[PDB]
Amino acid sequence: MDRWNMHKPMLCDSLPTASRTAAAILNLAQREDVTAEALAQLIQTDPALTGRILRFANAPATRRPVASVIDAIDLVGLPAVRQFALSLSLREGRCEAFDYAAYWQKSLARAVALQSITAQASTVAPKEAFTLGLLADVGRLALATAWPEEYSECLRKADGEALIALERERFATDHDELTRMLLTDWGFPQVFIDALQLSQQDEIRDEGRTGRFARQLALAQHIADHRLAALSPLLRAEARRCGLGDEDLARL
């Protein structure tokens, strides 16, 4: 497991993967002849393994950072990435009150939504956006993994802003700050973290690419929450402001 460093909390190797997803990743990883593409498609359904891979690929010597499993593969080679995939052989999970299935389901759905949204726009590369969507709240997984019993207490007594406040008290960090710190450790440049933080405001007025990407993130989040539960006038207005064709996003 990973040590919890109070000054600079950081989990990566120890984050769990879903049993079914791990089984399938291992199956493919042990397959005699698997493509880079098939392996990446499968691996990028898992926030834990995706993070580890990005972090490895972005570690100080390398050269430019990557933000998708397929780009990591091109950069460091399929054999190295395969090693990380086979490492699952060696969880999901200890935090009693944390809904892991819900977390994994929502993370993928959001990744998929953000990819579609950005695919019809010109802000960021959709494969990189997918990854950010996948990882947008990986800080939740990390707290649940690091402090399973303490975090179960928090989860039973609070949600929303009150949960954030409770996390700060117990851990001197919260799941959103932790996410940004993780994403920063794993190689993402600050504009992406800022766009993510922006996307979490009640209302996103900000101009520029950062504002537009933030509105795209906010839309992926709210749309994903909606299916897995229409959009408010504000969100529709923000949707219109990025420019949106609809409405295969509100279902499938």
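Residue positions are given as counts along the sequence shown, with the first one as 1.
J.: Between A229 and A230, how many residues of the deposited sequence have no coordinates in this entry: none, 1 to 3, 4 to 9, or 10 or more?
T.: Unmodelled stretch: 4 to 9 residues.
J.: Look up the CA B-factors in the entry and say which stretch, 41-49 or 28-36, has the higher mean.
T.: Result: 28-36.
J.: Going by the mean C-alpha B-factor recorded in the entry, which is higher: 93-101 or 120-128?
T.: Here the higher of the two C-alpha B-factor means belongs to 93-101.
J.: Just say lowest, middle or highest third for the CA B-factor of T21 relative to the other modelled residues in its chain.
T.: As the PDB entry reports it, the C-alpha B-factor of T21 lands in the middle third of its chain.
J.: Where does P79 sit by CA temperature factor within its chain: lowest, middle or highest third?
T.: As the PDB entry reports it, the C-alpha B-factor of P79 lands in the middle third of its chain.
J.: Relative to the other modelled residues of the same chain, rank the CA B-factor of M181 and answer lowest, middle or highest third.
T.: It belongs to the middle third of the chain when residues are ordered by C-alpha B-factor.
J.: Comparing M10 with the other modelled residues of its chain, is its CA B-factor in the lowest, middle or highest third?
T.: Middle third, going by the recorded CA B-factors of the chain.
J.: Relative to the other modelled residues in the chain, which third contains the C-alpha temperature factor of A61: lowest, middle or highest?
T.: Tercile = highest for this residue's CA B-factor.
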